[PDB]
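**Student:** let's see this in three dimensions:
(chains A, B and C, ligands or ions: 1)
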Amino acid sequence: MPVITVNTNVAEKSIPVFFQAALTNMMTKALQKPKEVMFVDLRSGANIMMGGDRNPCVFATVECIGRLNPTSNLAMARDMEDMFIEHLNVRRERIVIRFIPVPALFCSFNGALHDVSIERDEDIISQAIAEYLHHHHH
Amino acid sequence: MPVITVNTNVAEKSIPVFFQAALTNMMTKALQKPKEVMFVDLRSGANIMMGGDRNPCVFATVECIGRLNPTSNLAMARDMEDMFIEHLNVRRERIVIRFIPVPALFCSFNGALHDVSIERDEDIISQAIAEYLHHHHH
Amino acid sequence: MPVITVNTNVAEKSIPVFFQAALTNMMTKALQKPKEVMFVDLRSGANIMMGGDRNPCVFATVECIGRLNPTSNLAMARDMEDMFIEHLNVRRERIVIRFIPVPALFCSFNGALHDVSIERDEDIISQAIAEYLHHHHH
Ligand SMILES: [Cl-]
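**Tutor:** Residues are numbered from 1 along each chain as shown, chains lettered A, B, ... in the order given. Coordinates below:
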C-alpha cells in the first residue's frame, strides 16, 4: 500500500536531494511491504502555516493497508519526526503525523485490488508463527 | 460528492489539455452523480517518487458519498488506470488508486450537508426497482 | 489536532495576505483546540476544476480529533463557506468541505500520540458539567 505524504513550508532548495529516498527506505522496512509500492510525495515550499506563524512546520500522512495500530503508529511517528528535525530542520513541537488505515478492497494496485488478509496483518502472524517454531523447537 | 485527485510526477506540459475534462466525464457516469459537483484536482509535476525511482508513476484518490464498494471500486480503478497509461503514459505496475468513503453528514455542498440516503445508494436501488417493473411487467 | 486544507484554482496573487491567519483563528475557536496545533494548508492556484469548468471553485478538508459531528460540521461548513465567498470570491454553489474524523492513537503531535479522551469530546462535557454547576447552583 504505503503512501508517505510530507507537507512542509521548508523550501525544496533546502532539502537534501536524498531525503525522499531515505524516508522511502525507512518506511519500506517500518510498514514491512515491498519498496516497489512505497510512494513518497514531498510537498516542499507548501503555503502551509501552523499556529498562525511560519516557522519550520510539518504535517505528514501515512496511508497503509494494515500495519497501522497504536503501538506501531507511535514508533513510526517518532522515527519520521527524528528524520524531519535533522534533515528538514523543523522542530518536534511543530510536527503532526496522521496514520490512515486503508481498506484493502478500497485500493487498486496494478489492475487488481489488495488482499484483505494483509489488511489484517496475517502475513506477519504467519511469520511470527514460523520464527517461533525455529527457535522454540528448531 | 465526487473528488478525483491525481498526484503524478508527469510534467503538466506533457498532459493533454482535455485530460481533466475526460476524467471528469468518465467519473461523473461511473459514480452516478451530477457533473456539477465532480472535482478533478490534477497535481502534475508533483515531487512524488514511488519505489525510490522517478518513472511515470501515479497515486489517485476518489472521495465519494456512497457508490464505493469492492465490485465498483475495482471496475473504476481499471478504467482510471487505462485512462492514465494512454494519456499520462505511466505504466499500470506504477498506479495505486485509493477509494475513500465519505460520510454524508461529514461533507458540506452549498450551505447544507448531504443526504444520508445517497451514502446508502438508496437512489440506485429505487432506480433498480423502477427499471425492474418496466421490463418485468411493462 | 486540526488541519484545515483549502484547494482552490484562485491565484495566490488574488488572496488577502491575512486569509490563512483569519481562517486559523476562526477554526481554532470552532474546534475548541490550541491555536499552536492548528495547520492551514492553502493550495492556491491549484490545477483544480469542478463540473468540467474553471470558475472560482473550492474543495476544503478539516482533519480533527473529535469535535466533528453532524450539528457542528454544518455550522463550521457555513462559516468556512461565508469566509471563502467574501475573501476568495468563489460562490457557495461551488464549495464542498469534507470533515475527516481522526483517531487519537493514529495522529502523532510532538513525540507522543493524542489523548483518546479528547476524540470523545470528554473535555467539553466536563466543561459543560462545570458551567452547569456555576449558573445552576453558583
Ligand atoms: Cl482520508
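**Student:** from what I see, residue A:117 and residue A:125 are in contact.
**Tutor:** No - Residue A:117 is beyond contact range of residue A:125, at 9.9 Å (criterion: C-beta atoms under 8 Å). (Each C-beta comes from the backbone N, C-alpha and C, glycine too.)
**Student:** what about the spatially closest residue to residue A:30 that is not a sequence neighbour, how many neighbours?
**Tutor:** Excluding the flanking residues, the one nearest residue A:30 by C-beta to C-beta, 6 or more residues apart in numbering or on different chains is residue A:76, at 5.3 Å. Counted with other C-beta atoms under 10 Å in any protein chain shown, the neighbours of residue A:76 add up to 22.
**Student:** now do residue A:82
**Tutor:** Neighbours of residue A:82 (other C-beta under 10 Å): 14.
**Student:** what's it sitting at in phi/psi?
**Tutor:** Main-chain torsions, residue A:82, degrees, to the nearest 10: phi -60, psi -40.
**Student:** residue A:110 too?
**Tutor:** Backbone torsions of residue A:110, given as degrees, to the nearest 10, read phi 60, psi 70.
**Student:** how about the strands in chain A?
**Tutor:** A:3-8, A:39-43, A:48-50, A:58-64, A:95-101, A:107-109 (DSSP state E).
**Student:** how about those, which one is nearest residue B:129?
**Tutor:** strand A:107-109 (30.3 Å; C-beta to C-beta).
**Student:** tell me what the closest one is packed against?
**Tutor:** helix B:70-87, strand B:95-101 (3 or more C-beta pairs under 8 Å, 6 or more residues apart in numbering or on different chains; DSSP states H and E).
**Student:** for the closest residue to chain C within chain A, give me its contacts.
**Tutor:** When scored by C-beta to the nearest C-beta, chain A has residue A:77 as its residue closest to chain C, at 2.9 Å. Listed by C-beta atoms under 8 Å, 6 or more residues apart in numbering or on different chains, the contact set of residue A:77 reads A:97, A:99, C:108, C:111, C:113.
**Student:** what do you get for residue A:87?
**Tutor:** Applying C-beta under 8 Å, 6+ apart to residue A:87 gives the contacts A:15, A:16, A:19, A:22.
**Student:** and of the residues you listed, the nearest to chain B?
**Tutor:** residue A:15 (8.8 Å).
**Student:** look at the residue lying closest to that closest one once chain neighbours are set aside and say how many residues are nearby.
**Tutor:** Residue nearest to residue A:15 in three dimensions, not counting chain neighbours: residue A:44, with 5.3 Å by C-beta to C-beta, 6+ apart. When neighbours are defined as other C-beta under 10 Å, residue A:44 has 18 of them.
**Student:** ok, now residue A:51?
**Tutor:** Count around residue A:51 with other C-beta under 10 Å applied: 18.
**Student:** and chain A, which residues reach chain B?
**Tutor:** Selection of chain A residues close to chain B by C-beta under 8 Å from any C-beta of the partner chain yields A:1, A:3, A:12, A:20-21, A:24-25, A:35-44, A:63, A:102, A:105-113.
**Student:** buried only: go through the residues you listed for me.
**Tutor:** A:1, A:3, A:20, A:24, A:37-44, A:63, A:102, A:105-109, A:113 (16 or more other C-beta atoms under 10 Å in any protein chain shown).
**Student:** can you get me the start-to-end distance on stretch A:100-115?
**Tutor:** End-to-end span of stretch A:100-115 (C-alpha to C-alpha, to the nearest Å): 17 Å.
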